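Chains as they are written, first to last, in UniProt numbering: chain W, 76 to 106; chain U, 2 to 35, 37 to 156.
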């Protein structure tokens, strides 16, 4: 690890979690 | 027919006017000239400014850690912005919640760069460019969904 590309990738997935957490609520409400 | 580049820049201009008022950063002024027909005061911008701020507050500890870590390790901030984006929206399928999270993370990035008398200009410049050109990857999937304005107005 401890690579400049591993640290960028690790940040991208942290944000994807935040996003997915939010997106869990939209589908079930629409239909 | 506003694009992501425009609504994002407007949000940062809107967010800069709300925090301490003061002069708008020359980089942001120039980006509004090099374009931005959407006023920072426009209703759609006011709606999104509230929403994205709530996202930042709810994920405050994560948005600071990830950003503080991002800025202190990158050597090409304009390129690493597109790297993060492609991981979220190209290596995976777009989501409405993933788009809001990205937009909120970029608005939080500017907040830490807008009104600081110690942040170098070349740092602010590459960061503003990294966001706006990397956020173009959402225009496609979002016009399919009806556009930013329609997404929030319900």
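Note that beta-carbon positions come from the ideal geometry of N, C-alpha and C, so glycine has one too.
Test item: CB-CB of residue i and residue j under 9 Å
i: residue 14(U); j: residue 2(U); result: no
i: residue 117(U); j: residue 51(U); result: no
i: residue 29(U); j: residue 125(U); result: no
i: residue 110(U); j: residue 143(U); result: no
i: residue 9(U); j: residue 133(U); result: yes
i: residue 141(U); j: residue 5(U); result: yes
i: residue 136(U); j: residue 58(U); result: no
i: residue 97(W); j: residue 48(U); result: no
i: residue 91(U); j: residue 139(U); result: yes
Best match in the options for proximity to residue i [C-alpha to C-alpha]
i: residue 42(U); options: 23(U), 12(U), 90(U), 83(U); result: 12(U)
i: residue 93(W); options: 101(U), 76(U), 85(U); result: 101(U)
i: residue 64(U); options: 77(W), 88(W), 79(W), 78(W); result: 88(W)
i: residue 108(U); options: 147(U), 44(U), 152(U), 79(U); result: 79(U)
i: residue 89(U); options: 83(W), 77(W), 78(W), 79(W); result: 83(W)
i: residue 54(U); options: 16(U), 95(U), 24(U), 155(U); result: 16(U)
i: residue 95(W); options: 94(U), 122(U), 24(U); result: 94(U)
i: residue 61(U); options: 104(U), 24(U), 146(U), 84(U); result: 104(U)
i: residue 66(U); options: 99(W), 86(W), 76(W); result: 86(W)
Limits of the unbroken alpha helix (DSSP H) element including residue i
i: residue 28(U); result: 27 to 34
i: residue 39(U); result: That residue, residue 39(U), is in no alpha helix (DSSP H); it is neither H nor E in DSSP.
i: residue 71(U); result: 62 to 75
i: residue 84(U); result: 79 to 91
i: residue 115(U); result: Element bounds for residue 115(U): n/a, residue is neither H nor E.
i: residue 10(U); result: 5 to 19
i: residue 81(W); result: 79 to 98
i: residue 140(U); result: Unbroken run through residue 140(U): none, as it is neither H nor E.
i: residue 103(W); result: 101 to 105
Buried versus exposed call for residue i [16 or more other C-beta atoms within 10 Å across all chains shown]
i: residue 113(U); result: buried
i: residue 7(U); result: buried
i: residue 101(W); result: exposed
i: residue 22(U); result: exposed
i: residue 26(U); result: buried
i: residue 120(U); result: exposed
i: residue 105(W); result: exposed
i: residue 148(U); result: exposed
i: residue 90(W); result: buried
i: residue 37(U); result: exposed
i: residue 122(U); result: exposed
i: residue 31(U); result: exposed
i: residue 96(U); result: buried
Rounded Cβ spacing between residue i and residue j (contact assumed at less than 8 Å)
i: residue 74(U); j: residue 82(U); result: That pair is no contact at about 12 Å.
i: residue 150(U); j: residue 46(U); result: 7 Å
Against chain A, which members of the segment 102 to 136 of chain U pass a CB distance test of less than 7 Å? Within the model displayed, chain A is absent; protein chains W and U are what it includes.
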